[PDB]
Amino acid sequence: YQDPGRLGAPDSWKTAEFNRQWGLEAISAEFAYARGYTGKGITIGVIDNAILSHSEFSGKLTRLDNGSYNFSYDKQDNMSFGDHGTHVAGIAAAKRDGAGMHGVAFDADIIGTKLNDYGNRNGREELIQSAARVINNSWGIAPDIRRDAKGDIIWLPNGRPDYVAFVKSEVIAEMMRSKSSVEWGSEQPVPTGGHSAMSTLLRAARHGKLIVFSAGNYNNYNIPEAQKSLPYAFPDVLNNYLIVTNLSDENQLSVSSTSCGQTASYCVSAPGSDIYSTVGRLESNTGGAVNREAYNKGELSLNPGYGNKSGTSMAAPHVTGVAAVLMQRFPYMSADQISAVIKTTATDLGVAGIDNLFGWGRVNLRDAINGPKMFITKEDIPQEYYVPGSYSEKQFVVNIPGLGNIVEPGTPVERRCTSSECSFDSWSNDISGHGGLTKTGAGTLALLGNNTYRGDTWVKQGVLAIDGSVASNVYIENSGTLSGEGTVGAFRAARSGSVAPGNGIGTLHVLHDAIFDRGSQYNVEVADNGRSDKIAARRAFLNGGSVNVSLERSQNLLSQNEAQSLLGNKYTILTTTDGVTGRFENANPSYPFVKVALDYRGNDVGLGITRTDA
């Protein structure tokens, strides 16, 4: 297969294979592909029916099971293959090989475990200890169906069973009653046979995995069950849970879909109606019965193919695929941070903001790959949907570790950061919300959006380059650097914190105060004819700090020859409208016959390359 997909060309990816699965276009998967993001090097876990050995998974599927496929029998032993797992796995990670359809994360690998009939190898603790980054759970418990006085199923005019509605207060009460036992269960390794589903998924979430669940197919008046309300008991894992509703098209829930309801603050919507994916079918070779007697006499074949299916079970793996693609885009992010990107970049549907039908809205890879749109705290969640104890962290802690460095050390998802996004990344999306940002790691993060997040910005390590704007106060600590040609609210550079305006020679704009503490660094680039770095601030407090002068993009302070070639040049390196208070400690470099000199003109600070009082 010669793939016509090309970097920079989203329409090049819209091939016949691509177009056979309408959900891909609906989540804008082609925009991720065009930027090189396919889920390559990412492992997805599936808990469902045993996935069929299918061409679409050849070389990329590991099963951890008791070595049999899942089969359902009726009263007369008519045998059928459970092709649910195969269908789910295909939506997330079928090969892009020019045949049939392909997954959202078409370069991702798959580890599959059996939901049911697992014997004494359920593979759960193995899955938890694997490098599987995200686990798809396209399963759950059905509520009662409403029955007539005879005991027959009452059907709604829409063709669906009249399911009884779960009640918010009752599902949350059931979860709260399970809390102490589920907490205990989650701390031990998962037994290989009988086991607690709730303890298993809590343990996986606490081992750094993203847990993705189908909302259920129990009608729009319905809400998710107690299992899917586990974050109410364990709000520490809310950011590692995503509940997924079923969209019949880009804007509308399937008539069968369960609503987000009480899970709305950790819920998104994805395509789930008439999804074309991988299946298997148990078939008679002799045009005879498909039953156990025939299976045993070798009369049957289990054949791979494709088929349509509908349900939140088909929506969930779109989000699992989206998560794997984003873990290649943002290899330094933890699962809770990948979750934040998926939630805050979803296209808002229905009632404005987070709502009981669509939650955060339709997952959108085109927006997701440009970074998060919100640093979420409790104050960003409508009270109706707020899970008590959730979103209590003020800071989004972004670790850009630098190429060759380990992230999530001591966890099953521990990995080396080996892509270019690990030394330099940029987020172009506008970031709002009440949270703040903490930049750590030796690498560089550039922010290009018009950011309104209310929290403080802490640069603890490496470079934060502001090219758009932040309304936030910035604190630059030891080994950190504030850079860029954009705007910040205010900054305070501490001992061994640096400010380096521009991308090379440029101006950093500060809406309020620029503060330099003792031992802070101001790295000024200069060129010919009074062109230099500058801070344009409302007001400045210089409690000390060193001004360090170099030529543009030079790794060293001015040499003696460079300084002498600039002798007599004057520069403006700091302007205020309301005044400069105090002075820098010193200005480097300084030589016997040429030095950098600082000139304090009341509202501005000048810099000269001057003689040494001679």
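Just count from 1 along the sequence shown to find any residue number.
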Stretch with the higher entry mean CA B-factor, where the candidates are 489-497 and 146-154: 146-154
Stretch exceeding the other in mean C-alpha B-factor - 66-74, 32-40: 66-74
Per the deposited B-factor column, the C-alpha that peaks among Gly100, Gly443, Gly216, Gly455 belongs to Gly100
From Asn503, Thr438, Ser259, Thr345, the top C-alpha temperature factor is at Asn503
For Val319, the third of its chain into which the C-alpha B factor falls: lowest
Could you tell me which third, lowest, middle or highest, the C-alpha B-factor of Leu566 occupies within its chain? highest
Based on the entry's values, in what third of the chain does the Cα temperature factor of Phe424 lie: lowest, middle or highest? highest
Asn291 - which third its CA temperature factor falls in, relative to the rest of the chain: highest
Entry-reported C-alpha B-factor of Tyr306 relative to its chain, by third, is highest
